[PDB]
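Have a look at the structure below, then the notes.
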Amino acid sequence: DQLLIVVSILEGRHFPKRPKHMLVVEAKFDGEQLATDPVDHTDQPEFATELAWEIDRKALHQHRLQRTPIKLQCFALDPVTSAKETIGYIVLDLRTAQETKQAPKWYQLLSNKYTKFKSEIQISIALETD
């Protein structure tokens, strides 16, 4: 009876190949942080993960009104030291979560640490009941 905000993180492209590193996307919405598994830091990383927040019907509409974003942070993870370095960010908003036809979009990393690379991550956002 109560909803989920479902953020599907599919694939990246135009990343540098970093053989000793992994990629992790963490997402924050309304003070709850979620994360993907580490995936190989290739030029075309494959996340293939759904991040989901359960939300109240009432709480959802208050979030739509004040324009509450979902912020995705991308990290390069060193699997030896567990050290994470921020590489860039993606801002999603909840109004496109309420689109009757679902279609994945390419989102450029903002404040991209890899300055010469036009790194992009393909993401869908949707609402699901129960």
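So you can find residues: chains in the structure tokens are A, B, ... in the order shown, residues in each start at 1, and ligands are numbered from 1 in order.
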
Using only C-alpha atoms, which residues sit within 6 Å of residue 27 in chain A once same-chain residues fewer than 2 positions away are excluded, as a PyMOL selection string? chain A and resi 33-34+71-72

If we count only C-alpha atoms, what is near residue 77 in chain A at a cut-off of 7 Å, once residues fewer than 4 positions away on the same chain are taken out, given as number ranges by chain? A: 21-24, 82-85

Convert the current residue selection to file output with C-alpha atoms, as a short mmCIF file (atom, residue, chain, number, x, y, z; two decimals), in the first residue's frame.
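In the end it all went to again23.cif:
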data_model
loop_
_atom_site.label_atom_id
_atom_site.label_comp_id
_atom_site.auth_asym_id
_atom_site.auth_seq_id
_atom_site.Cartn_x
_atom_site.Cartn_y
_atom_site.Cartn_z
CA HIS A 21 40.16 0.82 -8.53
CA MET A 22 36.43 0.12 -8.23
CA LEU A 23 33.41 2.39 -8.73
CA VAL A 24 30.65 2.88 -6.13
CA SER A 82 39.20 0.87 1.36
CA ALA A 83 39.87 4.60 0.72
CA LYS A 84 37.15 6.37 -1.30
CA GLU A 85 37.69 9.50 -3.44
#

Name all residues at most 8 Å from residue 113 in chain A (count only C-alpha atoms; drop same-chain ones fewer than 6 positions away) and give them as a list in words. residues 86, 87 and 88 of chain A

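Using only C-alpha atoms, the residues found no farther than 10 Å from residue 90 in chain A, other than those of its own chain fewer than 4 positions away, are residues 25, 27, 69, 70, 71, 72, 73, 74, 107, 108, 109, 110, 111, 112, 120, 121 and 123 of chain A.
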
Using DSSP on the backbone coordinates, identify the residues of chain A assigned to helix (DSSP H, G or I); present them as a list in words.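 After running DSSP on the backbone, chain A has helix (DSSP H, G or I) at residues 57, 58, 59, 60, 61, 62, 63, 64 and 65 of chain A.
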
Apply DSSP to the backbone of this structure and, from range 21-95 of chain A, keep only the residues in strand (DSSP E); write these as number ranges by chain. A: 22-29, 32-35, 39-40, 46-55, 69-77, 84-93

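Computed from the coordinates, the CA of residue 50 in chain A to CA of residue 36 in chain A distance equals 8.2 Å.
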
Which residue, A:67, A:61, A:28, A:17, has the smallest gap to residue 40 in chain A when you use only C-alpha atoms?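 Checking each candidate against residue 40 in chain A, we get A:17 as the closest.
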
List the neighbours of residue 54 in chain A out to 10 Å using only C-alpha atoms; skip same-chain residues closer than 5 positions along the sequence, and give me the result as a ChimeraX atom specification. /A:2-6,60,127-130

Dump as a PDB file, in the first residue's frame, selection limited to N, CA, C and O atoms:
ATOM      1  N   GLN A   2       2.088   1.148   0.492  1.00  0.00           N
ATOM      2  CA  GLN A   2       3.007   2.287   0.523  1.00  0.00           C
ATOM      3  C   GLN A   2       4.109   2.159  -0.534  1.00  0.00           C
ATOM      4  O   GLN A   2       4.526   1.051  -0.881  1.00  0.00           O
ATOM      5  N   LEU A   3       4.586   3.305  -1.021  1.00  0.00           N
ATOM      6  CA  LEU A   3       5.456   3.392  -2.212  1.00  0.00           C
ATOM      7  C   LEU A   3       6.952   3.119  -2.009  1.00  0.00           C
ATOM      8  O   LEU A   3       7.449   3.109  -0.881  1.00  0.00           O
ATOM      9  N   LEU A   4       7.647   2.885  -3.128  1.00  0.00           N
ATOM     10  CA  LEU A   4       9.109   2.892  -3.205  1.00  0.00           C
ATOM     11  C   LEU A   4       9.545   3.881  -4.284  1.00  0.00           C
ATOM     12  O   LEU A   4       8.945   3.939  -5.359  1.00  0.00           O
ATOM     13  N   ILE A   5      10.576   4.667  -3.991  1.00  0.00           N
ATOM     14  CA  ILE A   5      11.307   5.402  -5.024  1.00  0.00           C
ATOM     15  C   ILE A   5      12.403   4.456  -5.512  1.00  0.00           C
ATOM     16  O   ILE A   5      13.303   4.101  -4.742  1.00  0.00           O
ATOM     17  N   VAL A   6      12.315   4.039  -6.776  1.00  0.00           N
ATOM     18  CA  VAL A   6      13.276   3.093  -7.354  1.00  0.00           C
ATOM     19  C   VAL A   6      14.203   3.778  -8.365  1.00  0.00           C
ATOM     20  O   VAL A   6      13.777   4.163  -9.459  1.00  0.00           O
ATOM     21  N   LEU A  60       5.656  11.676   0.178  1.00  0.00           N
ATOM     22  CA  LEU A  60       6.045  11.829  -1.232  1.00  0.00           C
ATOM     23  C   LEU A  60       5.619  13.165  -1.847  1.00  0.00           C
ATOM     24  O   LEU A  60       6.407  13.798  -2.554  1.00  0.00           O
ATOM     25  N   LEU A 127       8.460   5.218  -9.575  1.00  0.00           N
ATOM     26  CA  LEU A 127       7.724   4.907  -8.350  1.00  0.00           C
ATOM     27  C   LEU A 127       7.090   3.520  -8.459  1.00  0.00           C
ATOM     28  O   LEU A 127       6.547   3.160  -9.513  1.00  0.00           O
ATOM     29  N   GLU A 128       7.171   2.748  -7.373  1.00  0.00           N
ATOM     30  CA  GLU A 128       6.580   1.401  -7.310  1.00  0.00           C
ATOM     31  C   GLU A 128       5.760   1.174  -6.040  1.00  0.00           C
ATOM     32  O   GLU A 128       6.199   1.505  -4.943  1.00  0.00           O
ATOM     33  N   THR A 129       4.562   0.621  -6.200  1.00  0.00           N
ATOM     34  CA  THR A 129       3.666   0.400  -5.068  1.00  0.00           C
ATOM     35  C   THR A 129       3.962  -0.950  -4.424  1.00  0.00           C
ATOM     36  O   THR A 129       3.875  -1.994  -5.084  1.00  0.00           O
ATOM     37  N   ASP A 130       4.326  -0.904  -3.140  1.00  0.00           N
ATOM     38  CA  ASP A 130       4.576  -2.089  -2.302  1.00  0.00           C
ATOM     39  C   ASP A 130       5.901  -2.770  -2.648  1.00  0.00           C
ATOM     40  O   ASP A 130       6.792  -2.876  -1.804  1.00  0.00           O
TER      41      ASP A 130
END
